Every structure is written in C-alpha cells, then in structure tokens.
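Asker: Experimental coordinates for this protein are included below, preceded by the sequence.
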Amino acid sequence: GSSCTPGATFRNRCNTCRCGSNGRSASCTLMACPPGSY
C-alpha cells in the first residue's frame with residue numbers, strides 16, 4: 001500500500017494529500033489530527 005493515483009487528492013486523517021506523478025509519493029499538509037478532526 002505504498003501507492004496512490006498519480007495527481008489525485010486523498011485525505012490522510014485531517015490532512016489533505018496530492019499523489020505525486022510517480023504514484024509512490026504524496027505532498028500532504030502537516031496539521032496534527034486530534035480526535036474528531038477527521
């Protein structure tokens with residue numbers, strides 16, 4: 001599960017990610033995700 005759809009958004013807990021063109025990396029926000037944030 002070291003993969004995503006290249007160029008697509010996903011949510012990781014409270015943080016929103018965009019999959020890299022290689023689909024083996026994501027640029028994500030770095031917010032802490034305390035209970036009820038997601």
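Answerer: Alright, I've got the coordinates. Numbers count the residues shown, from 1 in each chain.
Asker: Could you give the number of residues near residue 2?
Answerer: 6 (other CB atoms under 10 Å). Bear in mind the C-beta positions are built from the backbone N, C-alpha and C, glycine included.
Asker: which non-adjacent residue is nearest it?
Answerer: Using CB to CB, 6 or more residues apart in numbering and skipping the chain neighbours, the partner closest in space to residue 2 is residue 24 (6.1 Å).
Asker: Equivalent analysis for residue 12, please.
Answerer: The shortest distance from residue 12 to any residue other than its chain neighbours is 5.8 Å, reached at residue 28 (CB to CB, 6+ apart).
Asker: Pull the contacting residues for the one you found.
Answerer: Listed by CB atoms under 8 Å, 6 or more residues apart in numbering, the contact set of residue 28 reads 12, 15, 16, 17, 18.
Asker: now with 7 Å?
Answerer: Residues in contact with residue 28, defined by CB atoms under 7 Å, 6 or more residues apart in numbering, are 12, 15, 16, 17.
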